[PDB]
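Asker:
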Amino acid sequence: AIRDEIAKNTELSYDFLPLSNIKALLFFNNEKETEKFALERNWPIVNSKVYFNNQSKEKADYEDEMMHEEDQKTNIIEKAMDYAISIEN
Amino acid sequence: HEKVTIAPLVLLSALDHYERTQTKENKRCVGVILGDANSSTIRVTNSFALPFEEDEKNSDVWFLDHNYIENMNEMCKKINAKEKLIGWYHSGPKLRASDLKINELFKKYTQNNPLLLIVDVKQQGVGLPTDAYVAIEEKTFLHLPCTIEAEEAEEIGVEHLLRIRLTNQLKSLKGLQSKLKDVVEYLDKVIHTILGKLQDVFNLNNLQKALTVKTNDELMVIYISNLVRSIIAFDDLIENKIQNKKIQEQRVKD
Amino acid sequence: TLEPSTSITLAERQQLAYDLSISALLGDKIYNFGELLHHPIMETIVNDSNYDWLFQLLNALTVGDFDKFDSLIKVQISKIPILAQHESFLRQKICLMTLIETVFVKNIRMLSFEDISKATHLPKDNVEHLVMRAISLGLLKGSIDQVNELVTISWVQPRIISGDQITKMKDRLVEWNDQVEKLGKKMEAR
């Protein structure tokens, strides 16, 4: 529970980290200990190094139709403001 | 080229003609159209039902006299010199090759190659119930776009008729609908050149560039008025009832 | 001009249409590529003799293999050797049109440069010319980012073909269209 944070923290802190350092951060002895996690984490990993090529979850389905609808929102917003023009009654 | 004015006055009586003639889909009520045809814009002043007969049981078979126009133009002239023959109308809504023949009659009677006029007597779909054609060549005939003039005289009585944005969208489909089909039509109709002629402009889309930002940048200020748009509301109607009610709810003397 | 009218003879027909088809190569051109070949010049002309070539030149108008032709070459064609150029012009342009026609569809432009340009299977240092030449081809619009190895391009690439953006057409054209109605739902409605 500690390290998962650190995992994200490393994630954050490090795109790339030596599979050493992360383990060193994980207080692990085997890095395969680490390696599991990171790959459980599904972390890009080459030799000796945990990577984060994508440190985050970007995209992934929901949180849509709002907050990045370009005109849509805007148009909705238009539509809205037009309802601020329309509900104006 | 000479693409043309349209006289509603025409358009109206034109259907009356169609009406008067009780023309039906079997038929097309035909007639003169009037104006002056010189300029790269032609005008339609007026137009005249040519008492006529149409038979498509035999295409070329149909009946008409010019000599209307003969006596007509006289009076027309006597009415106005500016009548000068621009062309002619029929009902339509569509062409029939005998038109071509018919077209050429007026060629004698017109300055330029005269002007066909289609009308949609049912005015069905859209902008215009109408097409105007000039012959051509491998024949050609063609529609140059046309429209109304003023004729505010018209527009005024017009005003006595009738009585924001979403529409603007609405056609969005329309052409596209046909369009792809129109290929698949001609595709599987002839399963012409003009289609490829279209094909090029297609990439004229996904065209968008970080010039997009400009938009965003632009849209910003557009909204700046926001706090102002209703600011006056924000300030205006709120502090308005506080001066009328305090006056009033407290008015209440005796 | 003859198309509607004027009965003729074949020695008239092919030889002229030969000379025509010849003059296509003594055009060569704004390519072309494809042409009146569709129109009944063919069989009729090709068939055989140089019509073989002439037809295979339509193949060259597509294939653009030197030695699918520079094999063929006898005097009359090698009489104007510049088709070896024109074929380089072809191979470029030939490869180009579809690239321009297709590969990007997604607002096709970039094609920039090299491998993309060498995707013409005409090489980078010729890219440095044939590609580089634009309307110095007579055609290409746009410009060059040499550093990033990027053409800027624009149009003057027409064609007679069909079959393709037919599909791609209505898609976006339905797409906004669809997603209109989302918005296009209540705006004036509500």
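Protein chains in written order, with our numbering: chain P, 1 to 89; chain L, 1001 to 1254; chain C, 2001 to 2190. Note that CB positions come from ideal geometry on N, CA and C, so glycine has one too.
Distance check for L2183 (chain C) and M67 (chain P), CA to CA, integer angstroms please.
Answerer: Roughly 15 angstroms separates the two Cα atoms.
Asker: Going residue by residue through the region 1210–1252 of chain L, where are the continuous alpha helix (DSSP H) segments of at least 4 residues, counting only ones entirely within it?
Answerer: Runs found: 1211–1224, 1226–1229, 1231–1236, 1245–1249.
Asker: Less than 7 angstroms between C-beta atoms, sequence neighbours within five positions excluded: which residues of the same chain meet that for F2055 (chain C)?
Answerer: Same-chain partners within the cutoff: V2046.
Asker: State the CB to CB distance for the pair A1132 (chain L) and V1004 (chain L), rounded to an integer number of angstroms; the pair is presumed to be in contact (CB under 8 angstroms).
Answerer: Right, their Cβ atoms sit about 6 angstroms apart.
Asker: Under 8 angstroms by Cβ, that's how I've got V50 (chain P) and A38 (chain P) pegged, so tell me the actual separation to the nearest angstrom.
Answerer: Indeed they touch by this definition, with Cβ atoms about 5 angstroms apart.
Asker: Strictly below 7 angstroms CB to CB, what residues from chain B border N75 (chain P)?
Answerer: Here chain B cannot be found, since the structure's protein chains are P, L and C.
Asker: Please name the residue, chosen from C:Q2146, C:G2027, C:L2025, that lies closest to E2128 (chain C) on a Cα-to-Cα basis.
Answerer: For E2128 (chain C), the nearest C-alpha among the options comes from C:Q2146.
Asker: Kindly list, in the order they appear in chain P, the residues whose Cβ is closer than 8 angstroms to that of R2190 (chain C).
Answerer: Within chain P, the residues near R2190 (chain C) are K79, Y83, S86.
Asker: Where does the unbroken alpha helix (DSSP H) through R2172 (chain C) begin, and where does it stop?
Answerer: Its alpha helix (DSSP H) spans residues 2165–2183.
Asker: Alpha carbon to alpha carbon, how far is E2101 (chain C) from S2136 (chain C)? Give it in angstroms, no decimals.
Answerer: Going from the Cα of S2136 (chain C) to the Cα of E2101 (chain C) covers about 20 angstroms.
Asker: Specify the secondary structure class of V1184 (chain L) as computed by DSSP and reduced to three states.
Answerer: DSSP places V1184 (chain L) in helix when its eight states are reduced to three.
Asker: Using a Cβ-Cβ cut-off of less than 7 angstroms, give me the residues of the region 51–77 of chain P that come near chain C, in sequence order.
Answerer: If the cut-off is 7 angstroms between Cβ atoms, the region 51–77 of chain P has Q72, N75, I76 near chain C.
Asker: Quick check on the DSSP output: what are the complete beta strand (DSSP E) runs of length 3 or more inside the region 1039–1109 of chain L, in order along the chain?
Answerer: Entirely contained in the region 1039–1109 of chain L, the beta strand (DSSP E) runs reaching 3 residues are, in chain order, 1043–1049, 1052–1054, 1062–1064, 1087–1089.
Asker: For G2142 (chain C), which beta-bridge partners are listed by DSSP?
Answerer: According to DSSP, which records beta bridges pairwise, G2142 (chain C) is partnered with C:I2153.
Asker: Identify, in the order they occur along the chain, each residue of the same chain with its Cβ nearer than 6 angstroms to the Cβ of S2117 (chain C), setting aside the five sequence neighbours on each side.
Answerer: Taken in chain order, the residues that qualify are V2127, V2131.
Asker: Taking Cβ positions only, does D1200 (chain L) come closer than 7 angstroms to chain C?
Answerer: It does; some Cβ of chain C falls within 7 angstroms.
Asker: Going by DSSP, name the residue or residues bridged to residue 95 (chain P).
Answerer: Past the edges of chain P, shown from 1 to 89, lies residue 95 (chain P), and the structure says nothing about it.
Asker: Comparing C-alpha positions only, which one of L:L1015, L:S1013, L:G1157, L:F1202 sits nearest to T2167 (chain C)?
Answerer: For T2167 (chain C), the nearest C-alpha among the options comes from L:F1202.
Asker: Can you check which of these residues, L:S1230, L:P1051, L:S1040, is closest to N1112 (chain L) by C-alpha distance?
Answerer: Closest by alpha carbon: L:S1040.
Asker: Is the beta carbon of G2064 (chain C) sitting closer than 7 angstroms to the one on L2025 (chain C)?
Answerer: Result no, Cβ atoms of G2064 (chain C) and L2025 (chain C) do not sit closer than 7 angstroms.
Asker: In angstroms with no decimal places, state the Cα-to-Cα distance between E1054 (chain L) and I1042 (chain L).
Answerer: Distance between the alpha carbons of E1054 (chain L) and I1042 (chain L) is about 28 angstroms.
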